[PDB]
Amino acid sequence: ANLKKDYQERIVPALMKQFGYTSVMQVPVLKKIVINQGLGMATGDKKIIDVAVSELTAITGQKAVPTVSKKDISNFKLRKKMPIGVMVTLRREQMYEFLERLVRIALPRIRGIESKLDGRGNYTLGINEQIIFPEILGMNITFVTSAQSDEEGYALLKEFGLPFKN
RNA sequence: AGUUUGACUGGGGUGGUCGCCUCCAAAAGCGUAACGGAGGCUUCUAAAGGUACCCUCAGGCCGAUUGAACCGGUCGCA
Ligand SMILES: [Mg+2]
Ligand SMILES: [Mg+2]
Ligand SMILES: [Mg+2]
Ligand SMILES: [Mg+2]
């Protein structure tokens, strides 16, 4: 509930002013922050799948699950049964507290960030180091917004404090 | 010493075949031949059985660390 007040009390009263909606339901609202990482190396050494679960739980605070394969590709020794991914889907306040742990301490501990979305307004971040966080083989981060285009998504994105670029 | 030592077959022998399943030949009911054209079987599951409740693939595109694998979105009667 750190950026929650900053969004409803403060950030919302400015988005309607600029884009000029006739209501308050047209303004973008990120609804979840999905985190994921690929463990193709575990196809031959699967002891590093449990360790990923333990690490992917200390960061967000909520338990994660393995992701099972879905294809039959020999070039990755892949048959449709192996656990090769770990995902966590933060939502509501759980992503709100997590977001503040990242904009202030994660980007600061980097050794800023690209500006390119999928086109529907969902910025996704792949950081190649897991020790960028406090609790800690990178991991994907995706903020699924309620926006329509990149224009609406960007305004929600920069208001939070994402370092972005230019 | 008494006997046995298959049949089909564009002559016989050599080769191939011999029971069962699916398609075409088959002429819009059923059936229907060729040493006509194609493939399979001689199993499997203690759940891959029963029921209640629930769910939806393949592929392409855009985004994204190691990346046709993982995640987000969306076009998708399959
Ligand atoms: Mg006699
Ligand atoms: Mg004869
Ligand atoms: Mg008929
Ligand atoms: Mg007839």
Side-chain angles (χ1 to χ4, degrees), chain A residues 25 28 32 34-35 37-40 42-44 51-54 57-62 64-71 75-76 80 83-86 88-89 91-94 96 98-99 101 103 106 108 112 115 118-119 121-126 130 133-134 137-144 146-150 153 155 161 163:
Chain A
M25 302 265 204
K32 47 171 219 164
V34 202
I35 326 195
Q37 54 183 276
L39 292 214
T43 191
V51 313
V53 169
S54 73
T57 306
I59 319 194
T60 177
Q62 159 215 88
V65 284
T67 314
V68 199
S69 35
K70 276 207 64 117
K71 301 242 226 168
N75 296 338
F76 322 110
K80 283 121 58 160
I84 76 103
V86 177
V88 85
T89 290
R91 207 177 290 231
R92 253 174 216 248
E93 100 191 305
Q94 186 84 261
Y96 271 138
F98 175 69
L99 181 34
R101 307 200 221 109
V103 169
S115 266
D118 59 301
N122 323 330
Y123 174 85
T124 295
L125 172 34
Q130 36 165 78
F133 309 64
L137 253 76
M139 82 264 278
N140 270 232
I141 279 83
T142 294
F143 321 106
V144 159
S146 181
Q148 261 296 349
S149 34
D150 301 305

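Hydrogens, waters and symmetry mates play no part in the numbers below; they use all other heavy atoms, side chains included. All chains are named by letter (A, B, ...) in the order of the sequence lines, taking the proteins before the strands, and each is independently numbered beginning at 1.
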### Task
For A38(B) and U42(B), measure between their P atoms and round to the nearest Å.
24 Å
### Task
Compare the minimum distances between each of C57(B), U65(B), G63(B) and the side chain of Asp118(A), then state the nucleotide with the smallest one.
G63(B)
## Note on the structure
Once the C1'-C2'-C3'-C4' torsion sign is read, positive north and negative south, the sugar of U22(B) turns out north
### Message
In whole Å, measure the gap between the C1' atoms of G15(B) and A27(B) for me.
### Response
36 Å
### Spacing of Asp150(A) atom CG relative to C62(B) atom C1', expressed in whole Å
10 Å
### Query
Which pair of heavy atoms, one from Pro28(A) and one from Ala147(A), lies closest together, and at what distance?
CB-CB, 3.5 Å
### Query
Which way does the sugar of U9(B) pucker, north or south, judged by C1'-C2'-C3'-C4'?
south
### Task
For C71(B), take OP1 and OP2 only and decide whether either is under 4.0 Å from a side-chain N or O of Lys32(A).
no
### Message
Any heavy-atom pair between the side chains of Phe98(A) and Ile35(A) that's under 4.5 Å?
### Response
yes
### side-chain N/O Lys71(A) vs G59(B) OP1/OP2, d < 4.0 Å
yes
### Which nucleotide in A69(B), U65(B), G72(B) has an atom nearest any side-chain atom of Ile84(A)
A69(B)
### Query
Atom CG of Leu39(A) to atom P of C71(B): distance rounded to whole Å?
12 Å
#### Entry: P-based separation of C61(B) from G39(B) [nearest Å]
35 Å
### Summary
With the side chain defined as heavy atoms from C-beta on, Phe76(A) is closest, among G72(B), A69(B), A64(B), to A69(B)
### Task
Considering non-hydrogen atoms only, spot the tightest contact between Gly121(A) and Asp150(A) and give its length.
N-OD1, 4.0 Å
### Query
Backbone N or O of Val51(A) within a donor-acceptor pair of the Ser54(A) side chain at under 3.5 Å?
yes
### Task
Check whether the six-membered base rings of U74(B) and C75(B) have centres under 5.5 Å apart and planes under 30 degrees from each other.
yes
### Message
Can you check the distance between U4(B) and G11(B), where both ends of the measurement are the P atom (answer in whole Å)?
### Response
30 Å
### Query
Is the distance between the six-membered ring centres of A69(B) and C70(B) below 5.5 Å, and is the angle between those ring planes below 30 degrees?
no
### Task
Identify whether the glycosidic angle of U14(B) places it syn (within 90° of 0) or anti.
anti
### Query
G67(B) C1' sits how many Å from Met139(A) CE, rounded?
17 Å
### Sugar of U65(B), sorted north or south by the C1'-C2'-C3'-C4' dihedral sign
north
## Note on the structure
Per the glycosidic torsion and the 90° limit around 0, nucleotide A27(B) is syn
### Task
Would you indicate, from the sign of the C1'-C2'-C3'-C4' dihedral, whether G10(B) has a north or a south sugar?
south
### Query
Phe143(A) CZ to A64(B) P: how many Å, rounded?
14 Å
### Message
Consider side-chain contact (heavy atoms from CB on, under 4.5 Å). Of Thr67(A), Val53(A), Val65(A), which one does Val86(A) pass it with?
### Response
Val53(A)
#### Entry: Minimal non-hydrogen separation, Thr89(A) against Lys32(A), with atom names
CG2-CD, 4.3 Å
#### Entry: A52(B) to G72(B) separation - P atoms, rounded to the nearest Å
33 Å
### Task
Treat a base pair as Watson-Crick or G-U wobble with both distances under 3.5 Å, then lay out RNA chain B in dot-bracket form, 5' to 3', with | for cross-strand pairs.
.....(((......[)))((((((..........])))))).................(.(((.......))).)...
#### Entry: Spacing of the P atoms in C53(B) and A47(B) (rounded, Å)
24 Å
#### Entry: Separation of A69(B) P from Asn140(A) CG (nearest whole Å)
12 Å
### Message
Suppose you measure atom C1' in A25(B) against the same atom in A34(B); what distance do you get, rounded to whole Å?
### Response
10 Å
### Whole-Å distance separating the CD1 atom of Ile35(A) from the P atom of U65(B)
16 Å
### Task
To the nearest 0.5 Å, tell me how far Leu99(A) CG sits from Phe143(A) CZ.
6.5 Å
#### Entry: Whole-Å gap separating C1' (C70(B)) and CG (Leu137(A))
13 Å
### Separation of atom CD in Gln37(A) from atom P in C70(B), rounded to whole Å
14 Å
### Query
For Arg101(A) and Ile59(A), which heavy atoms make the closest approach, and how far apart are they?
NH1-O, 2.6 Å
### Message
Between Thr124(A) and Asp118(A), is the side chain to side chain contact (heavy atoms under 4.5 Å, CB included) condition met? List the steps.
### Response
CA-CA 8 Å; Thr124(A) 295; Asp118(A) 59 301; over 6 Å; no
### Summary
Per the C1'-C2'-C3'-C4' dihedral, where positive means north and negative south, the sugar of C35(B) is south
### Message
Would a student be right to call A28(B) and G29(B) stacked, given the definition of ring centres under 5.5 angstrom and plane angle under 30°?
### Response
no
### Task
Inspect the six-membered rings of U5(B) and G6(B) and say whether their centres lie under 5.5 Å apart and their planes under 30° apart.
no
### Query
Considering only the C1' atoms, how many Å lie between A33(B) and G37(B), rounded to the nearest integer?
15 Å
